[PDB]
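final_31.txt follows (compact mmCIF, C-alpha atoms and all ligand atoms):
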```txt
# COMPACT_ATOMS: atom_id res chain seq x y z
CA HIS A 32 19.56 20.73 -13.49
CA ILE A 33 18.86 20.92 -9.69
CA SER A 34 21.71 19.66 -7.41
CA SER A 35 20.95 16.43 -5.63
CA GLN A 36 21.80 18.32 -2.43
CA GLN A 37 18.77 20.58 -3.09
CA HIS A 38 16.39 17.59 -3.92
CA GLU A 39 17.49 16.06 -0.61
CA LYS A 40 16.81 19.27 1.34
CA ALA A 41 13.44 19.92 -0.42
CA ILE A 42 12.14 16.37 0.25
CA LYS A 43 13.35 16.30 3.97
CA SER A 44 11.44 19.59 4.37
CA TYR A 45 8.14 18.05 3.21
CA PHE A 46 8.43 15.64 6.20
CA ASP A 47 9.74 18.39 8.52
CA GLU A 48 6.73 20.61 7.72
CA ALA A 49 4.14 17.87 8.44
CA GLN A 50 5.95 17.48 11.78
CA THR A 51 6.60 13.84 11.37
CA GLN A 52 9.44 11.41 10.74
CA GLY A 53 9.43 9.57 7.46
CA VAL A 54 11.03 8.22 4.35
CA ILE A 55 10.21 7.80 0.68
CA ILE A 56 12.01 5.21 -1.33
CA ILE A 57 12.03 5.60 -5.21
CA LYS A 58 13.12 2.87 -7.60
CA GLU A 59 14.48 3.77 -11.07
CA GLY A 60 15.07 0.49 -12.79
CA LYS A 61 17.23 -1.50 -10.32
CA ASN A 62 18.42 1.59 -8.33
CA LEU A 63 16.81 2.41 -4.90
CA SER A 64 17.03 5.93 -3.47
CA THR A 65 16.03 6.97 -0.01
CA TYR A 66 14.73 10.48 0.77
CA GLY A 67 13.02 12.11 3.71
CA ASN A 68 13.95 13.36 7.14
CA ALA A 69 14.48 9.94 8.73
CA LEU A 70 16.57 7.85 6.38
CA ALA A 71 17.18 4.89 8.83
CA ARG A 72 13.45 3.96 8.66
CA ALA A 73 14.28 2.40 5.24
CA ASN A 74 15.13 -1.09 6.62
CA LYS A 75 13.06 -1.14 9.81
CA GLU A 76 9.92 -3.37 9.96
CA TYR A 77 6.32 -1.99 10.38
CA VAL A 78 2.89 -3.58 10.03
CA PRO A 79 1.73 -3.23 6.40
CA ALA A 80 -1.75 -2.23 7.56
CA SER A 81 -4.03 -1.53 4.61
CA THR A 82 -1.10 -1.86 2.11
CA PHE A 83 -1.82 -5.57 2.67
CA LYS A 84 -5.10 -5.13 0.73
CA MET A 85 -3.16 -5.42 -2.51
CA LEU A 86 -1.78 -8.89 -1.60
CA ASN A 87 -5.08 -9.90 0.08
CA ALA A 88 -6.89 -9.06 -3.26
CA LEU A 89 -4.31 -10.95 -5.35
CA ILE A 90 -4.74 -14.01 -3.13
CA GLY A 91 -8.54 -13.83 -3.10
CA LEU A 92 -9.00 -13.42 -6.86
CA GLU A 93 -6.36 -16.01 -7.86
CA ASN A 94 -7.92 -18.63 -5.56
CA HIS A 95 -11.52 -17.89 -6.78
CA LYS A 96 -12.71 -16.45 -3.47
CA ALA A 97 -14.42 -13.39 -5.11
CA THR A 98 -14.73 -11.80 -8.52
CA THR A 99 -14.11 -8.24 -9.62
CA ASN A 100 -17.85 -7.53 -9.90
CA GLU A 101 -19.15 -9.42 -6.82
CA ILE A 102 -20.97 -7.15 -4.40
CA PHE A 103 -19.97 -7.67 -0.71
CA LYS A 104 -23.18 -6.89 1.31
CA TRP A 105 -23.02 -4.56 4.24
CA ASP A 106 -24.44 -6.58 7.13
CA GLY A 107 -26.20 -3.48 8.61
CA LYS A 108 -24.08 -3.28 11.80
CA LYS A 109 -22.57 0.19 12.64
CA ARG A 110 -19.07 0.67 11.20
CA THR A 111 -16.21 2.89 12.31
CA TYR A 112 -16.97 5.30 9.26
CA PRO A 113 -20.34 5.83 7.57
CA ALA A 114 -18.75 5.62 4.09
CA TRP A 115 -18.40 1.78 4.86
CA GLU A 116 -22.13 1.24 5.63
CA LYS A 117 -22.90 0.19 2.04
CA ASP A 118 -22.43 -2.75 -0.29
CA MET A 119 -19.27 -2.74 -2.39
CA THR A 120 -16.88 -4.44 -4.81
CA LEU A 121 -13.27 -5.26 -3.80
CA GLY A 122 -12.31 -2.28 -6.03
CA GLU A 123 -14.60 0.16 -4.14
CA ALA A 124 -13.40 -1.38 -0.87
CA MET A 125 -9.84 -0.78 -2.04
CA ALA A 126 -10.48 2.98 -2.63
CA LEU A 127 -12.28 3.37 0.66
CA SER A 128 -9.80 1.14 2.46
CA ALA A 129 -12.90 -0.80 3.83
CA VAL A 130 -11.29 -3.38 6.20
CA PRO A 131 -14.46 -5.42 6.87
CA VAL A 132 -14.69 -6.32 3.16
CA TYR A 133 -11.07 -7.36 3.20
CA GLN A 134 -11.63 -9.32 6.41
CA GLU A 135 -14.52 -11.09 4.68
CA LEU A 136 -12.12 -11.90 1.84
CA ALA A 137 -9.48 -13.06 4.44
CA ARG A 138 -12.03 -15.35 6.04
CA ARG A 139 -13.00 -16.89 2.69
CA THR A 140 -9.34 -17.56 1.89
CA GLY A 141 -8.75 -19.12 5.37
CA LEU A 142 -5.72 -19.13 7.76
CA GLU A 143 -4.01 -22.15 6.07
CA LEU A 144 -4.32 -20.95 2.46
CA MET A 145 -3.39 -17.38 3.57
CA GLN A 146 -0.16 -18.63 5.27
CA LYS A 147 0.92 -20.59 2.19
CA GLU A 148 0.27 -17.72 -0.27
CA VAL A 149 2.14 -15.29 2.00
CA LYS A 150 5.20 -17.69 2.40
CA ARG A 151 4.92 -18.25 -1.43
CA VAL A 152 5.01 -14.58 -2.24
CA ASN A 153 7.88 -13.87 0.20
CA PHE A 154 6.10 -10.80 1.59
CA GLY A 155 7.80 -8.98 4.46
CA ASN A 156 8.67 -11.31 7.39
CA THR A 157 6.00 -13.72 5.94
CA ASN A 158 4.52 -14.57 9.43
CA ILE A 159 0.67 -14.37 9.74
CA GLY A 160 0.28 -16.18 13.18
CA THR A 161 -3.14 -17.60 14.08
CA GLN A 162 -5.67 -14.81 13.45
CA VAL A 163 -6.71 -14.77 9.75
CA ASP A 164 -8.57 -11.42 9.95
CA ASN A 165 -6.16 -8.91 11.63
CA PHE A 166 -2.53 -10.18 11.04
CA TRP A 167 -1.78 -7.30 8.71
CA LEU A 168 -3.07 -4.74 11.29
CA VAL A 169 -1.60 -5.60 14.66
CA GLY A 170 1.16 -8.04 13.78
CA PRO A 171 2.85 -10.42 13.61
CA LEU A 172 3.18 -9.64 9.87
CA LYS A 173 5.72 -6.81 9.33
CA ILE A 174 7.53 -5.45 6.26
CA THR A 175 10.21 -2.81 5.67
CA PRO A 176 9.86 0.21 3.31
CA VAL A 177 12.49 -1.38 0.98
CA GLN A 178 10.52 -4.62 0.76
CA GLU A 179 7.35 -2.55 0.20
CA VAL A 180 8.82 -0.67 -2.77
CA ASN A 181 10.20 -4.00 -4.18
CA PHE A 182 6.76 -5.53 -3.84
CA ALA A 183 5.30 -2.54 -5.79
CA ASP A 184 8.02 -2.97 -8.41
CA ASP A 185 7.06 -6.59 -8.81
CA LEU A 186 3.33 -5.82 -9.11
CA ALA A 187 3.90 -2.93 -11.49
CA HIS A 188 5.95 -5.25 -13.77
CA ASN A 189 3.70 -8.32 -13.32
CA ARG A 190 6.49 -10.39 -11.74
CA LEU A 191 4.56 -11.73 -8.75
CA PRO A 192 3.58 -15.48 -8.70
CA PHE A 193 -0.12 -14.95 -9.72
CA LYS A 194 -1.79 -15.14 -13.18
CA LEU A 195 -1.08 -12.05 -15.30
CA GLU A 196 -4.88 -11.52 -15.34
CA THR A 197 -5.08 -11.47 -11.46
CA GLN A 198 -2.33 -8.81 -11.42
CA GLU A 199 -4.13 -6.59 -14.02
CA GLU A 200 -7.40 -6.80 -12.10
CA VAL A 201 -5.78 -5.64 -8.82
CA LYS A 202 -3.88 -2.93 -10.67
CA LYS A 203 -7.20 -1.49 -12.21
CA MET A 204 -8.24 -1.13 -8.40
CA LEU A 205 -5.23 1.04 -7.59
CA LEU A 206 -5.49 4.17 -9.80
CA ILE A 207 -5.63 7.18 -7.42
CA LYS A 208 -4.30 10.11 -9.49
CA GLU A 209 -3.80 11.21 -13.06
CA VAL A 210 -1.37 14.21 -13.23
CA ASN A 211 -0.21 15.54 -16.67
CA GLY A 212 -0.38 12.26 -18.60
CA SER A 213 1.22 10.31 -15.68
CA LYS A 214 -0.89 7.89 -13.68
CA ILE A 215 -0.31 7.15 -10.00
CA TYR A 216 -1.30 3.60 -8.92
CA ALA A 217 -0.88 3.06 -5.17
CA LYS A 218 -2.41 1.90 -1.87
CA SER A 219 -2.41 3.79 1.41
CA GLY A 220 -1.66 2.26 4.77
CA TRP A 221 -2.57 3.46 8.18
CA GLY A 222 -1.52 1.38 11.23
CA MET A 223 -4.21 2.48 13.68
CA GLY A 224 -3.91 -0.39 16.09
CA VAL A 225 -0.24 -0.13 16.88
CA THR A 226 1.97 2.37 18.83
CA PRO A 227 3.30 4.47 17.27
CA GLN A 228 1.06 4.56 14.21
CA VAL A 229 2.56 3.87 10.81
CA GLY A 230 1.45 5.55 7.51
CA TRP A 231 2.34 4.20 4.11
CA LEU A 232 1.63 5.07 0.49
CA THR A 233 3.03 2.34 -1.75
CA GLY A 234 2.73 2.20 -5.54
CA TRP A 235 4.33 3.37 -8.71
CA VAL A 236 4.11 6.18 -11.27
CA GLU A 237 3.29 5.10 -14.82
CA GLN A 238 4.82 7.83 -16.96
CA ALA A 239 3.36 9.25 -20.30
CA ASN A 240 5.66 6.74 -22.14
CA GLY A 241 5.34 3.48 -20.12
CA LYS A 242 8.39 3.76 -17.74
CA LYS A 243 7.09 2.76 -14.29
CA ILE A 244 8.73 4.26 -11.16
CA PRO A 245 7.85 2.41 -7.98
CA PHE A 246 7.85 4.19 -4.64
CA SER A 247 7.02 3.66 -0.97
CA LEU A 248 6.46 6.44 1.47
CA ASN A 249 6.60 5.46 5.15
CA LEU A 250 5.97 7.87 8.09
CA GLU A 251 4.69 8.10 11.68
CA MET A 252 0.99 9.29 11.94
CA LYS A 253 0.77 11.69 14.93
CA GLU A 254 -2.39 12.35 17.14
CA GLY A 255 -4.90 14.00 14.67
CA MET A 256 -2.96 14.28 11.36
CA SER A 257 -5.16 13.45 8.34
CA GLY A 258 -4.67 10.63 5.84
CA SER A 259 -4.03 12.79 2.87
CA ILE A 260 -0.69 14.12 4.24
CA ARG A 261 0.65 10.77 2.94
CA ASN A 262 -0.53 11.56 -0.60
CA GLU A 263 0.52 15.20 -0.38
CA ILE A 264 4.04 14.42 0.59
CA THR A 265 4.31 11.63 -1.94
CA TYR A 266 3.13 14.01 -4.69
CA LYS A 267 5.44 16.87 -3.62
CA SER A 268 8.43 14.53 -3.65
CA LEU A 269 7.55 12.89 -6.95
CA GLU A 270 7.16 16.37 -8.61
CA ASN A 271 10.28 17.68 -6.96
CA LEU A 272 12.25 14.81 -8.58
CA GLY A 273 10.51 15.42 -11.94
CA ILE A 274 8.95 11.92 -11.78
CA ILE A 275 5.47 13.46 -12.24
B1 LIG B 1 -5.92 0.83 6.65
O1 LIG B 1 -4.46 1.04 6.94
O2 LIG B 1 -6.48 1.80 5.65
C1 LIG B 1 -6.88 0.59 7.88
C2 LIG B 1 -8.24 0.93 7.80
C3 LIG B 1 -9.13 0.81 8.92
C4 LIG B 1 -8.75 0.29 10.17
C5 LIG B 1 -7.40 -0.09 10.27
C6 LIG B 1 -6.87 -0.59 11.60
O3 LIG B 1 -5.65 -0.39 11.67
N1 LIG B 1 -7.63 -1.08 12.63
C7 LIG B 1 -6.98 -1.46 13.90
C8 LIG B 1 -7.76 -1.74 15.18
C9 LIG B 1 -7.74 -3.02 15.76
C10 LIG B 1 -7.67 -2.89 17.15
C11 LIG B 1 -7.66 -1.53 17.46
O4 LIG B 1 -7.72 -0.83 16.26
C12 LIG B 1 -6.48 0.08 9.16
```
Full structure transcribed into structure tokens:
Amino acid sequence: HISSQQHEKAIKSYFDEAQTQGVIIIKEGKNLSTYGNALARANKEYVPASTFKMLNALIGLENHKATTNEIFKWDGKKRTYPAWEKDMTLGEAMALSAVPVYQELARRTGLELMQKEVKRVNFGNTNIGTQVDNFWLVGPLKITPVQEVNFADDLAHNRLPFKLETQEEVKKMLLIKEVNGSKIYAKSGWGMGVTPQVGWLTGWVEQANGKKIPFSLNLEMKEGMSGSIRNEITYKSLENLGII
């Protein structure tokens, strides 16, 4: 019973209050809706940053480059965060957004195979260039927030060109929140090596009854904001629209 005018104002305000510029795109069935305080972001291109982990994992598992239970050893060298100085599964690495695990996986896959799986999946601008281990962080691979939500819609519905079983395994890695019988599956993205910095939270809500509502939040990370603003805004918006 809320006017759409009021949903629009309430969601814009969640971005206004964090003092950033951003958008969240929601997909109900085949219908895309854009909210936020910077609507024109919707079809601009940004690096996927760690959102790429979802595709990177799909590629690695499908092509037998790791298993769901394989433990990637920490090599013992100092890491940018101490939470990374441990051995982990791809799943654990997904939750921690541990890039060196995912770069290990990228190296196993190899530049050639990576390029072909990324052209095959039609992901973003599909260009990975010559560096197998940072293409999703500093370019040249770029994707828009529309493409990101459509990629989430595909994964959520198992429509990507990977075995059903590969898709279920990557989806088990993605559960970040349970809120009143709804489950939020998603991956965060933080473009730290680019100016300005991009922040993403891409996924879908799986409702009490099996409807799945894909979404993609996309904003600018400002000097010392924390990661969880991405989540917080996503959750405020989703609740505001009665999706969760
Ligand atoms: B991801 O979006 O969660 C993510 C995690 C850790 C590190 C990065 C990253 O963007 N590193 C970039 C780096 C390369 C040169 C300078 O900084 C992303």
5 Å per side around stretch 107-111 of chain A: axis-aligned box centre and edge lengths, as AutoDock Vina command-line options:
```
--center_x -21.2 --center_y -0.3 --center_z 10.6 --size_x 20.0 --size_y 16.4 --size_z 14.0
```
* **Shell of 12 Å around ligand LIG 1 (chain B) (all atoms listed in the file), written as a PyMOL selection string** => chain A and resi 77-85+110-112+114-115+124-134+164-170+218-233+252+258-259+261
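Atom CA of residue A:32 lies 25.6 Å from atom CA of residue A:262.
Close contacts of stretch 155-158 of chain A, defined as residues with an atom at most 9 Å away when counting only C-alpha atoms, with chain neighbours fewer than 2 positions off set aside, comprise residues 76, 79, 146, 149, 150, 151, 152, 153, 160, 166, 170, 171, 172, 173, 174, 175, 178 and 179 of chain A.
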* Structure fact -> Of A:272, A:216, A:62, A:162, the one sitting nearest residue A:186 when using all atoms listed in the file is A:216
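Among the candidates A:104, A:38, A:214, A:139, the one nearest to residue A:120 when counting only C-alpha atoms is A:104.
Using only C-alpha atoms for every distance, the candidate list A:123, A:185, A:251, A:143 yields A:123 as the residue closest to residue A:206.
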* Asked: How far is it from atom CA of residue A:182 to atom CA of residue A:66, in Å with one decimal?
  -> 18.5 Å
